[PDB]
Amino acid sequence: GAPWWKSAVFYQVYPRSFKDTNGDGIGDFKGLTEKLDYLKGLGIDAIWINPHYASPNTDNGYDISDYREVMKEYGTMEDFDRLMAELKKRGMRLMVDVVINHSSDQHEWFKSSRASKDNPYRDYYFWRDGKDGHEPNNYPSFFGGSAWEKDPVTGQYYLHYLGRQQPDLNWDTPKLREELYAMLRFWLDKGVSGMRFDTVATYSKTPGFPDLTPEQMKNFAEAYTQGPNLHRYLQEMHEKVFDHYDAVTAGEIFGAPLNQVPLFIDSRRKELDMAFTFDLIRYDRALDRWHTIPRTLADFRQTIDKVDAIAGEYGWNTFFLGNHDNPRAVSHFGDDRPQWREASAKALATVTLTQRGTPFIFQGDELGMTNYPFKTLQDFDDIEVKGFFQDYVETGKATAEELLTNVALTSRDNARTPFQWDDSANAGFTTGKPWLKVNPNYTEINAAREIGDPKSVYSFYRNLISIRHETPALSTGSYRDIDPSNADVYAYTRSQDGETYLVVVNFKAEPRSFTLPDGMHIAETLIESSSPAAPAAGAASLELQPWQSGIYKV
């Protein structure tokens, strides 16, 4: 019998934008804890929360200044415990975000580290001499300018792949690794059911920090995942920590080449249980990460196929169409125009809940929430956008207008707009002023209107989730794409123990025909979206309306 997490449905909560209960315009623990019935009624088994630790919030939780206290905005340790207690009451599990590629520069380790060259915490981080009057090498940072930042106190530079205020932690130092393990135990001893490892692939640094080649320079993300001790560190963590608990582990394997993913998730390797990969969510993103490249369904399905293949027999994939780091699912993979939004958010739901892997639903997608209509660069909270302005506008590579028009479609802030609960002031997210503006379409896209309506996107999510739970083939069954070259109609089977299901999803806003594989016939129709009528028992083909989806037993 396969583990519980292979057949669970996860939901991702970005606490900052989920539910505010005290008017500061920032979501919090009490807010999440109040919405657990909503989550439970949806069908959700397990929730992954974004970072909830003490932080200066230069990168909204991903710069942690104390790994053993909760973030002051979210509430208190007691609130957190209540959150756990309430989830347990409902038979739900918590996965937390674990952010140990870097800490905050306000962490006490970094404060001590930077204080002098000879202190017990110097090697908890990377400090290095400049070269030829400048940085130690040509590493760029994700968040703009150099990955190296000079400290006048010592004259040395420290490494930061992320923002200046997120110094990278030095995993080559045994005492630092040991501290990380003791920290992971402090959370696991409290009964957390899962841990999601932020940028898990960049823990290992290249010895000698040589320069990146001009090639490696255009794809720095990948270069940062090539550290030679990476897998030895992941194995040690497992042996010293995960072996002693029963929590599931999942890595954000950002920037790694797809062929290396099995090293992280082959269960025989005793590293991680599940992979978040980014081949799909970035399949139409340019190497600079702010332009987009036109792709088709054929690219979409071929990427999924490849990613499926690498899980193999002993590895396991999560599956996701959206997260706090990417544009909104229906906007990016669907068609969010008002006449197609609901139909294509339904079709993407069918995709999400029939993939082989553990699906993760990002807060708000079950309502068909969309990208935000940003109007000026000042509308972005996102430090990644500030970084693009620094790297591309101030250098004369692009104008402010070219940045705006492109990052409007790609920016993480599209995912971070407050969750749309009802059509009251600010979608009922807060009674104060939201930290990031609510999307005006809230008057038409809100949980209250959606739950009341059997034909809504929400109701469709709920129904799909019930179907998935009832049908083991749809979680753990094999996956086979009927026709990978087809750019109109996505279609594939899921099979387990003699039972085979067929999923067919029209990606065109026009009617289309689908012909079943020779000798395959529709036995039953489990569900359809945007269909006027189910096929007949024995059908050898299908007619599809714009954006129609369906799951059929064959």
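Throughout, we count residues from 1 along the sequence that is shown.
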| item | value |
| --- | --- |
| Which of 131 to 139 and 394 to 402 has higher mean CA B factor, as the PDB entry lists it | 131 to 139 |
| Stretch with the higher entry mean CA B-factor, where the candidates are 496 to 504 and 59 to 67 | 496 to 504 |
| Out of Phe254, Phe197, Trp148, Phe242, residue topping the C-alpha B-factor column of the entry | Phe242 |
| Highest recorded Cα temperature factor - choice among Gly357, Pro294, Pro484, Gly227 | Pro484 |
| Record-listed C-alpha B factor of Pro15: chain third | lowest |
| Chain-wide C-alpha B factor ranking for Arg512, given as lowest, middle or highest third | highest |
| Modelled-residue ranking by C-alpha temperature factor, third containing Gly387 | middle |
| Relative C-alpha B-factor of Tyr479, binned into the chain's lowest, middle or highest third | middle |
| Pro454 by Cα B-factor - lowest, middle or highest third of the modelled chain | highest |
